[PDB]
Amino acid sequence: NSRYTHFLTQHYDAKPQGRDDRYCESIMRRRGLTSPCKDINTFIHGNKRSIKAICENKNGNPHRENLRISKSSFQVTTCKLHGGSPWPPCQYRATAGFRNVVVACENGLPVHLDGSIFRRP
């Protein structure tokens, strides 16, 4: 459904190239997260099959109040907004990582990504 589809749009990029600052600034614009500029957004890479499986016990475990945490690790890239304005141009700093992720599932589909685990304040 629509929520799973939207999840894939702001949080999934199967095969990115260099996961650098330029990559971030480009995929953020591409996925329309630049008006206003999202403060931080993480993309998961890899195959969708593994992401959907986090909703089942095959690749996930219950987490906190109503989330699921993946068993396998995923390659990810977090784009963090740099600068004092929430309006384009949006400059982003990229951080490539590799760990498990936390999502919320709806009818067996990931519909939300808990991005808190990617922001080290």
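All residue numbers are counted from 1 along the displayed sequence.
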Going by the mean C-alpha B-factor recorded in the entry, which is higher: 71-79 or 25-33?
25-33
Could you check which stretch, 7-15 or 93-101, carries the larger mean CA temperature factor in the entry?
7-15
Lowest, middle or highest third: where is residue 61 by Cα B-factor in its chain?
middle
Could you look up the Cα B-factor of residue 45 in the entry and say which third of the chain it sits in: lowest, middle or highest?
lowest
